[PDB]
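Residue numbers (this note's numbering), protein chains in the order written: chain A, 27 to 199; chain B, 794 to 900; chain C, 2 to 204; chain D, 64 to 307; chain E, 3 to 143; chain F, 99 to 289.
The structure under discussion appears below in the form of structure tokens.
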Amino acid sequence: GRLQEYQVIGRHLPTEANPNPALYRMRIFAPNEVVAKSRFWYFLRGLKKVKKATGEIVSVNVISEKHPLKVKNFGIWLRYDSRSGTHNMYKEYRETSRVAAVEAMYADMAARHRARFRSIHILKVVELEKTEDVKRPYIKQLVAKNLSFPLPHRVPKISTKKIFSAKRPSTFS
Amino acid sequence: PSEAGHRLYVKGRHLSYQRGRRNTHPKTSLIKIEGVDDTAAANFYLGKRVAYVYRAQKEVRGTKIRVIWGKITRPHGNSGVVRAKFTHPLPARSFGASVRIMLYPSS
Amino acid sequence: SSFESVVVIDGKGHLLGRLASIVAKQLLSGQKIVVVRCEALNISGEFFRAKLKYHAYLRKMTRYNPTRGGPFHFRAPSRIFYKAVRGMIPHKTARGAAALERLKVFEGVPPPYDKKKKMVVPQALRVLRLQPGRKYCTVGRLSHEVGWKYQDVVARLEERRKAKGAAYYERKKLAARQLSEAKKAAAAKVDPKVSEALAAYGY
Amino acid sequence: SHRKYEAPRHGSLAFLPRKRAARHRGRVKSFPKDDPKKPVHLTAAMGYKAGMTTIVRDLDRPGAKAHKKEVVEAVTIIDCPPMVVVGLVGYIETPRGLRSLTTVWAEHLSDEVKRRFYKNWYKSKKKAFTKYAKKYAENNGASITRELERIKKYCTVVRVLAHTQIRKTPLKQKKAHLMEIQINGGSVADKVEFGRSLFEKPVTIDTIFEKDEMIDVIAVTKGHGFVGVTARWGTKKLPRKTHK
Amino acid sequence: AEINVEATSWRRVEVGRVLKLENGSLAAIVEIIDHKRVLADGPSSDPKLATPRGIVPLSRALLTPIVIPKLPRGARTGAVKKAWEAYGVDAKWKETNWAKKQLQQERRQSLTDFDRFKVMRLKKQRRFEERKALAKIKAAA
Amino acid sequence: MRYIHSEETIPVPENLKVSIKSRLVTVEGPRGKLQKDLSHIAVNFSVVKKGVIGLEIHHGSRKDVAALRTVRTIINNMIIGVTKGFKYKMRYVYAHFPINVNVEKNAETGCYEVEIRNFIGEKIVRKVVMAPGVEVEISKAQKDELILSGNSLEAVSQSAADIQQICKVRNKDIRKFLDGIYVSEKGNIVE
RNA sequence: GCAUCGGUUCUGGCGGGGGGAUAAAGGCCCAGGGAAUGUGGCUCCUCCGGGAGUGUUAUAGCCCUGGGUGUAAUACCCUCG
RNA sequence: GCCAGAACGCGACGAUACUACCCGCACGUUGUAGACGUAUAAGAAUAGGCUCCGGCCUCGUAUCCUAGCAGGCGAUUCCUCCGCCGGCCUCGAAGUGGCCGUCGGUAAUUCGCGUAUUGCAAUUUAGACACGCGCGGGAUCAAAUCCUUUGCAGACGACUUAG
Ligand SMILES: [Mg+2]
Ligand SMILES: [Mg+2]
Ligand SMILES: [Mg+2]
Ligand SMILES: [Mg+2]
Ligand SMILES: [Mg+2]
Ligand SMILES: [Mg+2]
Ligand SMILES: [Mg+2]
Ligand SMILES: [Mg+2]
Ligand SMILES: [Mg+2]
Ligand SMILES: [Mg+2]
Ligand SMILES: [Mg+2]
Ligand SMILES: [Mg+2]
Ligand SMILES: [Mg+2]
Ligand SMILES: [Mg+2]
Ligand SMILES: [Mg+2]
């Protein structure tokens, strides 16, 4: 959907035997903080022996892109569920923000592998700092020196209500 | 001299009734306005008056042509079609006929 | 949109079903349609697929009597287009029959309908829809391998009407020479201030 | 369940509609393909059937069993008095088929052909082509020669109108028969000139056909009133002890 | 062995190429992301032509014949503005055929009814002298 | 995965002329003229240098890019054919029944036709007519040779394949009956 | 038919206030550090367009950290008319 | 090739008495799936085109026409545009257009008289296709069926013939 980054911090309920328990923090991509908390409890239930009934939320914040007007390459590590078994991948994307890469990855996996939102875990998102550390060839092609290309055979836009044009259109824009 | 025409109205067509997929309601009609594409442009003709004129057989009070009067109610869809309400529902045989849209309640 | 008395559509380069949907909507709205050069339409996909589709159509016939009730397989390109349009209209009612009465289809350009302006529907043109590299066929060719007999008659006749149109083009081109030279000579000589007065108004 | 023993069907579905012919005179449906390299010639004739008889001849077929030996064969004789040409017609090609646009007649018509246009000739006034005949000898037939020029200009195939002289046969009938015969020749101008030169003149069968030539015959078969399936199609008869 | 080939040639999309957005705005390309999206901006003194900095899809843009020479890739707004003013992009665009037709079009949607009557009478006044010259030339042939 | 730019080049010798219009190639040189129509492929032609022709595809798929080398080699073959021509050689192979051929001259038109008699001792007289522009000779250099020559590789090769395909043995073991006519050599007329 | 009102409802525009990293960016200015799809120079080859190498701002510019202009503007959410 | 021929698919020709037909205008009982500027003819390509050979092309958001009692009466002005007829050429896919001539009308500029009262809106009764009538001019003076007969036909109708 339309995502944005959050950070959420949780904690086990303090008790007389263990005052001042530990604090856990995660980064979650979610449309809103209502499902951000739900994903926090979902991921934490797989790492520690804490539930929502016996825990509490300390803080929830929103992380915004530092330089949303600069083009950069990203790399994503993830696991998912197939129709039989589980697998790990590593893909790359090229754009201006961290959030849109997660949006593109969700749509890409949903198209190429028929993987829904229910069965994808995000392991790590990293910004590729250099240019010689780009691996995949569909991103290698976009960083060649002096890139330029034409746009042949592009249909002009015509109002959908104006039927019965009076001359043959052209595709030489 | 002065061969020009005499027109002070906008021409429209009578499309159909208001309906679901299997039920129709003759209470309101749908009219396609000339030259209107979007619903923002269709806002100009809200509240105007429309007329439907047709030919009869007998002469009653010096004429053989009758008229049915109505007015535009609200826009319909995203393509500029509009809804209308008349004193009597249209004869349901005029699906494709033409009506006259005046400009009486101006501005 | 606009309301004309009748509109003539040139069929060359139009997808069959996409043109038929627009036509079927206009007929029910109240417009009058005339389709010309029905032998130059196009169908998406490779030709053999269309031939197999037609053979599957041809195998259907009433069992107990083939002279009544059975699907009659018309063999002309205009009749194929007519069948396509007829499938998108409630032709079993009086309203549908009246709508169908507003349609005319021909092969080539008959004499009533030449010397006229021929419109084009841009929502069905092939060059704006299909991928370059894909495959398509021609309805005229499809009718040839199903039993249409008058392919060569129209082909020869169209060369005649196109030769007449070449001379009409020559006359139109010459006429432009006098109108352009007259405008250039006249505009300079006379008008002192109507020129810039029109220019400020955009003319 | 399936049929026990297989057998071919009775009759043929090609000649399926088994109704009386629409018209008494036989109808020709197709003509030989035109070739503009032979001289102009007619391609049809019409006559009356007399009977059959027997001939004797010797055979020339190398490798056969009856080679160079006498054989007996049956033949049929057709009466063929000369026919008379009356006019000609021209056709044009349209995206809907062939169609005729003009026709021209001769100046004088016989009473045999004039009988064909009437159902009660005895009590009529016999005014068939009276007003048409005055088109000759009026401005030297400018109107008549105008359509002939039209045919020379617009037509692609030309046929000729001919009729029989039934009065030279022992038949009681007095009404003649009329038909068209297509002309196959070099060019349309040659066709029309040759056809026009034959007005109200007789043509003999020896100019059309010649010996040992392979021809076709068209006619209407002998009629029977109303018959059952056994004779109409040829099905097996049922056993002797069948009821009803 | 002279060889003559007459084949089409489009306009190249480089850095420094200025586009024309749908709502009459001009923007200069500074970075290419994909074959469908680019990064562009235009600093213009005229408020009608100015556009902010951001990404524009290539399906909503048109390629104008103007190209800014030697524009460094990924330059900031200050450097692009400096090259925009040094090259005089705004002055160059005014005399193109697209701008002139657009202006003659814009003047047409803003016409009072009285001005419509006035332009009708002026057109008839010019047409009267137009037909005299057409008849004179046609008669001479 | 769509490739942004794929390009190839063809050099042209200083002997012939080439002109292209609406993706229709015309090549004419010292030995004649050839025509080819390539309207079914989306390719962009250009003149790279004084004697180099360039052709390229933008935003093509793997399948679309595949045809680029085919187009390049077809036009190069046209250049070769118009400057050096082509020449094929074929041999007759029989065990017992000699096979006799008769390449009679032009039959009132440019096409040649070759008549084949006594194949595996058969009395059929079998006739094949070749496409125009192909010249057939019975070799005199040495015994039992047939020479095919011409300007276009497609026509020369197709006529040779017609000859190869017309001599077939039926209802027999073809590993034992090696009778037939086969092609044996391909090359150019010059050198 | 029009003007002035009452009830229900649809649909436009304008003036403000609050919150978050007291938005994030961004413009101008100050201080420090880097690199390449290496700017200007220099070397070589190619005259046939140009290509290859060296090397950190010069006759283009970019990236990272801190500070001022700042209680900057704008986006999003909420709210008074 | 061959068989049937839509009984609501089409073309050519012959003769047409009863004003049945044709021409001219005169109204209008009467009909219509629905006029209100019912205005616009190159062909061809879409990874290329048009041309006035100078140039032009995303766009019909175009071009033509468009004032006056539903459009009067005169004048100063101006040789444009529009219409009915007549004569020569042309047009055959379901036959159309051009040229010339007579006549009638005509703001491109600028003026003089008349408009009221339908009373503060009520379709602006206005177009072209058929069809029924009334006049006054031209031309024309026909067939089919029943009946008797025939047997190339036949349950009866129907069919091939003769009077
Ligand atoms: Mg039936
Ligand atoms: Mg059984
Ligand atoms: Mg009998
Ligand atoms: Mg038997
Ligand atoms: Mg019994
Ligand atoms: Mg064996
Ligand atoms: Mg209210
Ligand atoms: Mg605020
Ligand atoms: Mg350097
Ligand atoms: Mg602040
Ligand atoms: Mg602030
Ligand atoms: Mg019939
Ligand atoms: Mg009477
Ligand atoms: Mg009477
Ligand atoms: Mg006059």
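Note that CB positions come from ideal geometry on N, CA and C, so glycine has one too.
For residue i, three-class secondary structure by DSSP
i, result
"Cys138/C", "strand"
"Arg72/D", "coil"
"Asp115/E", "helix"
"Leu60/E", "helix"
"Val803/B", "strand"
"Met120/C", "strand"
"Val829/B", "coil"
"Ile287/F", "coil"
"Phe130/E", "helix"
"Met228/F", "coil"
Proximity of residue i and residue j at Cβ, strictly below 8 Å
i, j, result
"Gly153/D", "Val221/D", "yes"
"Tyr137/C", "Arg130/C", "no"
"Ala77/C", "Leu17/C", "no"
"residue 735/B", "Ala885/B", "Since the first residue of chain B shown is 794 and the last is 900, residue 735/B is not available in this structure."
"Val40/E", "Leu60/E", "yes"
"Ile894/B", "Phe879/B", "no"
"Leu42/C", "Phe4/C", "no"
Sheet register partners of residue i (DSSP bridge)
i, result
"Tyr280/F", "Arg189/F"
"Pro868/B", "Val875/B"
"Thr116/D", "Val138/D"
"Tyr50/A", "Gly36/A"
"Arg893/B", "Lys804/B and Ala844/B"
"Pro109/F", "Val150/F"
"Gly101/A", "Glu118/A and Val152/A"
"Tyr154/D", "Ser163/D and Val220/D"
"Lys105/C", "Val35/C"
Residue range of the beta strand (DSSP E) that includes residue i
i, result
"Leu23/E", "From DSSP, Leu23/E is part of no beta strand (DSSP E); its letter is neither H nor E."
"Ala79/A", "Per DSSP, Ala79/A belongs to no beta strand (DSSP E) and is neither H nor E."
"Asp43/E", "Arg39 to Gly44"
"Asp11/C", "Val8 to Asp11"
"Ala225/D", "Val220 to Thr227"
Start-to-end residues for the alpha helix (DSSP H) that takes in residue i
i, result
"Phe69/A", "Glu59 to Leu70"
"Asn172/A", "Note, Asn172/A: premise wrong, no alpha helix (DSSP H); not H, not E."
"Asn175/F", "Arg160 to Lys182"
"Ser255/F", "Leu251 to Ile264"
Checklist entry - Quick one, which residues of the region 119-152 of chain C are near chain A if we go by CB-CB under 8 Å, in chain order? => result Hits within the stretch, in order: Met120, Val121, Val122, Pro123, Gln124, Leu126, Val128, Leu129 and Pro133.
Checklist entry - Which residues, in order along the region 33-54 of chain E, keep a beta-carbon less than 8 Å from a beta-carbon of chain A? => result Answer in chain order: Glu33, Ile34, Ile35, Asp36, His37 and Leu41.
Checklist entry - Name the residues in the region 108-134 of chain F whose C-beta lies less than 8 Å from a C-beta of chain E; which are they? => result Look at the region 108-134 of chain F: the residues with a C-beta under 8 Å from a C-beta of chain E are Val110, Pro111, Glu112, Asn113, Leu114, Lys115, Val116, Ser117, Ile118 and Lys119.
Checklist entry - At a Cβ cut of 9 Å, what residues of the region 855-872 of chain B count as close to chain A, listed as they run along the chain? => result Of all residues in the region 855-872 of chain B, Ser872 have a Cβ within less than 9 Å of some Cβ in chain A.
Checklist entry - Along the region 168-181 of chain F, what residues have a CB closer than 8 Å to any CB found in chain A? => result So nothing in the stretch comes that close.
Checklist entry - For the region 167-192 of chain A, which residues have a CB atom closer than 9 Å to at least one CB atom of chain B, in sequence order? => result Along the region 167-192 of chain A, the positions whose C-beta sits under 9 Å from a C-beta of chain B are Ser185, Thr186, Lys187 and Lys188, read in chain order.
Checklist entry - Of all the residues that make up the region 70-103 of chain C, which are near chain D by a beta-carbon distance shorter than 7 Å? => result Hits within the stretch: zero.
Item to check | Cβ-based contacts, 7 Å cut-off: residues of the region 31-44 of chain C near chain B | outcome: The residues in question are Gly31.
Checklist entry - Between the region 153-184 of chain C and chain E, which residues of the former have a C-beta closer than 7 Å to a C-beta of the latter? => result Residues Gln179, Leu180, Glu182, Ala183 and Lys184.
Next on the checklist: Beta carbons nearer than 7 Å to chain E: which residues of the region 94-123 of chain A have them?
Outcome noted: If the cut-off is 7 Å between Cβ atoms, the region 94-123 of chain A has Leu95, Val97, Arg120, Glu121 and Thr122 near chain E.
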